[PDB]
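*Asks:* Sharing a structure, written as structure tokens. Questions coming.
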Amino acid sequence: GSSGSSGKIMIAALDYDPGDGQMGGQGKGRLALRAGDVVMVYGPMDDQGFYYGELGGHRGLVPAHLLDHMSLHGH
């Protein structure tokens, strides 16, 4: 049929402020998430357990533990 499911949608259960003491080098620091920030990720995570998403036009590695797997609502 038609293959889809391009990227996932998760929310930052907590306010992640990696800006304070970002990584060293050989890449790029993580993204700062806020309580209730619907960020879009892509593909699996890395050895460290970080996902590849972007929030606010900024790509970077996000925490795969702070995020929350949304559910299917219905009325």
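Lettering and numbering for the structure tokens are positional, with chains as A, B, ... in the shown order, residues counted from 1 in each chain, and ligands counted from 1 in the shown order.
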Contacts of range 51-65 of chain A at 7 Å or less, counting only C-alpha atoms, minus same-chain residues fewer than 2 places along, as a PyMOL selection string?
*Replies:* chain A and resi 28-31+39-42+44-46+49+67
*Asks:* Please, could you write that set of residues out with N, CA, C and O atoms as a tab-separated table (two decimals), in the first residue's frame?
*Replies:*
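Resulting contents of again-v4.tsv:
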```tsv
chain	number	residue	atom	x	y	z
A	28	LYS	N	26.85	18.67	17.65
A	28	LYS	CA	26.04	19.82	18.03
A	28	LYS	C	25.30	19.56	19.34
A	28	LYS	O	24.85	18.45	19.59
A	29	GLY	N	25.19	20.60	20.17
A	29	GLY	CA	24.51	20.46	21.44
A	29	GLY	C	23.09	19.97	21.28
A	29	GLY	O	22.59	19.82	20.16
A	30	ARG	N	22.43	19.70	22.40
A	30	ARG	CA	21.05	19.21	22.39
A	30	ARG	C	20.07	20.37	22.27
A	30	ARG	O	20.46	21.54	22.30
A	31	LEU	N	18.79	20.04	22.13
A	31	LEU	CA	17.74	21.05	22.01
A	31	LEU	C	17.03	21.26	23.34
A	31	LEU	O	16.74	20.30	24.06
A	39	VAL	N	7.50	18.22	20.23
A	39	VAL	CA	8.63	18.15	19.31
A	39	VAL	C	8.51	16.94	18.39
A	39	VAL	O	8.02	15.88	18.79
A	40	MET	N	8.97	17.10	17.15
A	40	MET	CA	8.92	16.02	16.17
A	40	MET	C	10.28	15.34	16.04
A	40	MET	O	11.29	16.00	15.76
A	41	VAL	N	10.31	14.03	16.23
A	41	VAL	CA	11.54	13.27	16.12
A	41	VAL	C	11.57	12.44	14.84
A	41	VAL	O	10.58	12.37	14.11
A	42	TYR	N	12.71	11.80	14.58
A	42	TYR	CA	12.87	10.98	13.39
A	42	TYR	C	13.80	9.80	13.66
A	42	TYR	O	14.83	9.95	14.31
A	44	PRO	N	15.18	6.04	15.10
A	44	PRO	CA	15.48	5.61	16.46
A	44	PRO	C	16.45	6.56	17.17
A	44	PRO	O	16.77	7.63	16.65
A	45	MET	N	16.91	6.16	18.35
A	45	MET	CA	17.85	6.97	19.12
A	45	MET	C	19.27	6.44	18.98
A	45	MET	O	19.52	5.48	18.26
A	46	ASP	N	20.20	7.08	19.69
A	46	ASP	CA	21.60	6.67	19.64
A	46	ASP	C	21.97	5.86	20.88
A	46	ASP	O	21.12	5.56	21.71
A	49	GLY	N	21.00	7.38	23.94
A	49	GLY	CA	19.56	7.39	24.14
A	49	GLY	C	18.93	8.72	23.78
A	49	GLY	O	17.98	9.16	24.43
A	67	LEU	N	10.90	13.01	27.12
A	67	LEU	CA	9.75	13.06	26.23
A	67	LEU	C	8.66	12.09	26.70
A	67	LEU	O	8.91	11.22	27.53
```
*Asks:* Work out how far apart CA of residue 11 in chain A and CA of residue 37 in chain A are and give it in Å to one decimal.
*Replies:*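 Atom-to-atom, CA of residue 11 in chain A to CA of residue 37 in chain A, that is 5.2 Å.
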*Asks:* Any idea what the distance is between CA of residue 72 in chain A and CA of residue 13 in chain A?
*Replies:*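 Taking CA of residue 72 in chain A and CA of residue 13 in chain A, their separation equals 17.0 Å.
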*Asks:* How far is it from CA of residue 43 in chain A to CA of residue 69 in chain A, in Å with one decimal?
*Replies:*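 It comes out at 14.5 Å.
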*Asks:* For a quick check of understanding, using only C-alpha atoms, which of A:1, A:26, A:15, A:10 has the smallest distance to residue 68 in chain A?
*Replies:* A:10
